[PDB]
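Spelled out, the chains give:
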Amino acid sequence: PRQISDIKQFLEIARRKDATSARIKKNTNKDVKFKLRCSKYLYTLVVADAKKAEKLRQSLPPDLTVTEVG
Amino acid sequence: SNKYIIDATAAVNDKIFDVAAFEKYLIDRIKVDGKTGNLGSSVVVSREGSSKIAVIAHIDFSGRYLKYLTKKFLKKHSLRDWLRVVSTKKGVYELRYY
Amino acid sequence: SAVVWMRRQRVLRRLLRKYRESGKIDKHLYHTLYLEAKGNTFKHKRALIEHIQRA
Amino acid sequence: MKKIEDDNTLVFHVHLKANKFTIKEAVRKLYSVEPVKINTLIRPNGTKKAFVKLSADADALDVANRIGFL
Amino acid sequence: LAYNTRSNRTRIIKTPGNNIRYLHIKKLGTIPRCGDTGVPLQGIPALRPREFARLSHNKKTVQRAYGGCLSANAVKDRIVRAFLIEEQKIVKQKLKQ
Amino acid sequence: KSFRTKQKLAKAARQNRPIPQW
RNA sequence: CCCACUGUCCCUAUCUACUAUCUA
RNA sequence: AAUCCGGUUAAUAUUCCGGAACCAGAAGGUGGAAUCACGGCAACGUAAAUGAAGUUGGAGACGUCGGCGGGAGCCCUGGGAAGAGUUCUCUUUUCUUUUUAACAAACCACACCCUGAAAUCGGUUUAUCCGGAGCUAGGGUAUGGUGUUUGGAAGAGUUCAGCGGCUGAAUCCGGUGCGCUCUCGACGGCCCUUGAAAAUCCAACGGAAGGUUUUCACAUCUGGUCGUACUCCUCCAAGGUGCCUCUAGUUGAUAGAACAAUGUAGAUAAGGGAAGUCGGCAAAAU
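Residues numbered from 1 in each chain as written, not as in the entry; some residues may be left out. Chains lettered and ligands numbered in written order. Part of a larger assembly, values for the part shown. Heavy atoms only, no water. Residues with missing side-chain atoms left out of burial classes, pairs and counts.

Determination of this PDB entry was carried out by cryo-EM to a resolution of 3.2 Å, according to the record.

### Quick word on the overall build of chain D
Using the following cut-off: A helix here means a DSSP run of H or I that spans at least four residues, while a strand means a run of E at least two residues long, and both kinds are numbered starting from the N terminus. Put simply, the radius of gyration uses C-alpha atoms, and a globule should come to 2.2 Å times the residue count raised to 0.38. Remark: exposure states derive from per-residue accessible area (1.4 Å probe, protein chains only) relative to the maximum for the residue type, with buried under 20%, exposed over 50%, and partly exposed in between. Throughout, a residue-residue contact means that at least one pair of heavy atoms, one from each residue, lies within 4.5 Å. Working definition of accessibility: Shrake-Rupley area with a 1.4 Å probe, residue cover restricted to the visible protein chains. Residues scored as charged are limited to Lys and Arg (positive) and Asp and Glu (negative), so that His and the chain ends carry no count. Each charge is placed at NZ for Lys, CZ for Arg, CG for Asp and CD for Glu.
For chain D, the count of helices and strands is three helices and three strands. When the helices and strands of chain D are read in sequence order from the N terminus, they spell out α-β-α-β-β-α. For 70 residues, the compact-globule formula gives about 11 Å, and the C-alpha radius of gyration of chain D, at 11 Å, lands near that figure. Taken over the C-alpha atoms alone, chain D extends approximately 30 × 25 × 20 Å along its principal axes. For chain D, with 70 residues in total, the buried portion stands at 31%. In chain D, once contacts between residues fewer than 6 apart in sequence are set aside, the share between residues at least 24 apart is 54%. Of the roughly 4600 Å² of accessible surface on chain D, a fraction of 53% belongs to carbon and sulfur atoms. Looking at chain D, you have 13 positive and 8 negative side-chain charges, and the mean spots of the two groups are 11 Å apart.

### Here's the deal with the packing of aromatic side chains
For any pair of aromatic rings, the description rests on two quantities: the centre-to-centre distance and the angle between the ring planes. Put simply, the rule is: Between the rings of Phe, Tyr and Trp (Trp by its six-membered ring), a pair exists once the centres lie within 6.5 Å; its type follows the angle of the planes, with under 30 degrees stacked, over 60 edge-to-face, and the other angles tilted. Placement of a charge over a ring requires the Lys NZ or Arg CZ to be within 6 Å of the ring centre, with the centre-to-atom vector within 35 degrees of the ring normal.
An angle of 65 degrees between the planes, with centres 6.2 Å apart, marks the rings of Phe10 of chain A and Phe34 of chain A as edge-to-face. Here the residue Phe10 of chain A occupies a position in helix α1 (residues 7-15), and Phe34 of chain A occupies one in strand β3 (residues 32-37), the gap between them amounting to 24 residues. The ring of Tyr41 of chain A has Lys40 of chain A sitting right over it, with the charged end atom 5.8 Å from the ring centre. Lying over the aromatic face of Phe51 of chain D, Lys3 of chain D brings its terminal NZ or CZ to 5.6 Å of the ring centre.

### Topic: the sheet that holds strand β3 (residues 48-54) of chain D
Strands pair in a sheet through their backbones, by hydrogen bonds, and they do so in one of two ways: parallel or antiparallel. Residue and element names in this part refer to chain D. Test applied: We call two strands paired when DSSP finds no fewer than two bridges between them. Geometry is summarised by axes, namely lines fitted to C-alpha atoms with helices restricted to the contacting stretch, and by angles between N-to-C directions that run from 0 to 180 degrees.
Reading across from one edge, β1-β3-β2 is the order of the three strands in this open sheet, with antiparallel pairing throughout. Across the chains shown, the open sheet's two edge strands, defined by having one partner strand only, are β1 (9-13) and β2 (35-42). Mean inter-strand twist for the sheet, computed between neighbouring axes without regard to direction, equals 20 degrees. Relative to β3, β2 runs antiparallel, the two sharing seven bridges. Across the sheet, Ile38 pairs through a bridge with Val52, a residue of β3. Docked against the sheet, helix α3 (residues 60-67) engages β1 and β3, running at close to 35 degrees with respect to β1.

### Structural notes on the interface of chain D and chain F
Spelled out, the test is: In this count, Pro and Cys sit with the nonpolar residues alongside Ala, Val, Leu, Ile, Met, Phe, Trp and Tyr, while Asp, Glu, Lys and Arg are called charged and the others, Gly among them, polar.
Facing seven residues of chain D, the contacting portion of chain F comprises four residues. Of the residues assigned to the side of chain D that touches chain F, the class counts are three nonpolar, two polar and two charged.

### Quick word on the pattern of salt bridges
Operational definition: Salt bridges are defined by distance alone: a side-chain nitrogen of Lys or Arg within 4 Å of a carboxyl oxygen of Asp or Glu.
Ionic pairing is found between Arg16 of chain A and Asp18 of chain A, a salt bridge with its closest N-O pair at 3.3 Å. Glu25 of chain D is paired through a salt bridge with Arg28 of chain D; the nearest N and O atoms lie 2.6 Å apart. Of the two residues, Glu25 of chain D and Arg28 of chain D are both situated in helix α2 (residues 20-31); the distance of three residues between them amounts to about one turn of the helix. Several salt bridges share partner residues, and in doing so they unite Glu12, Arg16 and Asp18 of chain A into one network.

### Some remarks on the arrangement of the chains
The least C-alpha distance between chain A and chain B, which are not in contact, is 17 Å. Separated throughout, chain B and chain D approach each other most closely at a C-alpha pair spaced 41 Å apart.

### A short note on the pairing of β3 of chain D
Residue and element names in this part refer to chain D. Bridging between β1 and β3 involves five bridges; their strand directions are antiparallel. Looking at the pairing, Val11 lines up with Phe51 of β3. What sits between the antiparallel neighbours β2 and β3 is a turn of five residues, in which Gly46 has the positive phi angle 65 degrees.

### Details of unusual backbone geometry
Residues and elements named next belong to chain E. Within the chain, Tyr3 stands out as a residue other than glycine whose phi angle is a positive 60 degrees. When you line up the elements, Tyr3 lands in the segment before β1 (10-14). Residue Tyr66 is not a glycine yet carries a positive backbone phi of 60 degrees. Take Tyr66: it is sitting in the loop between α1 (57-60) and α2 (72-96).

### Description of the sheet that holds strand β1 (residues 2-7) of chain B
All names here are of chain B. A sheet is described by the order of its strands in space; here five strands give the open sequence β4-β5-β1-β7-β6, paired in mixed fashion. Strands with a single pairing partner mark the edges of an open sheet, and in this sheet they are β4 (43-45) and β6 (84-89). Shown here is a sheet whose adjacent strand axes are inclined to one another by a mean of 20 degrees, direction ignored. Taken together, the six bridges between β1 and strand β5 (residues 52-57) define a ladder with antiparallel strand orientation.

### Observations regarding the pairing of β1 of chain E
All names here are of chain E. Note: β1 against strand β2 (residues 20-24), five bridges, orientation antiparallel. When the bridges of β2 are listed, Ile13 appears paired with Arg21. With antiparallel pairing between neighbouring strands as the criterion, β1 and β2 make up a hairpin whose turn holds five residues, including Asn18 at a positive phi of roughly 55 degrees.

Dropping the structure here:
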């Protein structure tokens, strides 16, 4: 599992066909974790501010079957 | 510094234990450094209203110590069967029945 | 006795090396002190301190 | 029956000389269904039993009904 | 695998289920050794012989003549010895001529 | 246990079988 | 050989468990 | 060559379920790279950077013992929290628990190089070892045993509270030791008989040949056959002071009733003390 710290590449790897599912985690630290399932690797991204987190919700393609907390 | 709260709303409602009795028991059994009444300025017991007992201490005060002190009075009153000490939250202790 | 000797020798060696690095004892003095300390000449750190002061 | 209802895997008693490759092609050609995992064991009586894990597209319960052993 | 042997080198680890389990750790790799001197070469990570294939070409050899098979000190000595021996052959040939 | 012994044990356990009632 | 010691003996006595015994 | 965790059965789990990885081989494709690549005095470094025949080198692959260093787990223990105690009083007290896997990321120290030329000998081991075959010192290079920060990952597990599966919380901060177990590193001996082989993988020299190559990155696919239940020379092994206790496992071995004589075993015995017997044999004495 590669920890991913670049939002833009998280966006492009989501648009690439290898992406299958995405999950959003809200921990107690008010941090949002974007977990993207790929063919072999689970790419995660940790963001700390909600407005960028929400902006990247709507920036994700609608075809991706995103899900909320587990 | 740290604040410890003991809730006695159920005890007051059921008349099992009174606020004055709890205050007297706390004052007479506060073993601050092994001496009763040695709370001083670091630790101060100030019960606001006749429904709770609050202690603000600048030094460590174990919640188990408060539970043990509460259990001693409960054992003295022989009401342990109908009254038990529970921890609703960190630094907060309450009395519950069966 | 082995445990006590091992701790004493390391403490004496560490103190002597620290003193040499601090400039309190020259290279010649440190070498002589290190050689002497191998035979348990100073059974306590105070004895080594007194020897250094007398030096 | 528990595996069919919960794990979506059928269970067959197969020929002792049948391997995982032939078992997959036999189930595909006989029941028009897609296995995705096959695990074979040999029973104490020296007869092969194969668990055929079906896809998510098809379900074990209907296929078992179509075979008739449900 | 009864009668535990050198192969069964197990290390105890604490699992997330609050359980102690033994994990089999394989033998550590050995860095390649210089052919002439016999001392291990510098710059080659010590991995398994099978795992050495996955590494890149530059990651297994040092960028020098006989790099990755002969040590630098041995390489310098071999280069110097060859030049001197060549000069002796040149000197001997001139004297014999 | 090979296939052979599995079949041998099965037939050994098939010999001591209660007689059919018909 | 001397000294000490003791149920080896004068001289046996008592206690305990097991055995022994009966019952199914 | 390559797998872990959690969950799951009346009986099977590194195999099944859920999640997360890894290895090997296969082709094309996409992006990047060189026209048979550069940098550094050097040890060497990097995303790449063709290498035929022929010729080598390395890993595999190598005795044993002792001490030291490192890490992990276990044991010990200080608090924090939770519950269960005990509690006329004393006892901030008693007991129990307090998890992070494979794997993937970034960083984190003895051998060598450069300056240097040394004894007035220095550095230094627990154990005096090395030094004009170039010390101490300064700057580097590589090897990373490890450690740091994460991802995995809390969504899991555990423990408390409840509600009717759901909802709350906590799952923390230490300190450590000739401790035990396992492993790694750096030494020091003893060797003598100086300490298996092969499969397998890698590299060097070499310079045949010429849109080409490309040992860089990414996607895509597959992994057969057999054993796997259960029973049992060998594995795992708590605390305190030969005993006692915890964890765990039994309470079975045909039973009952009476306790004379007999036999075995174990004791005590007044006075004498080997008078016993072929005899201090056995006991007590010490």
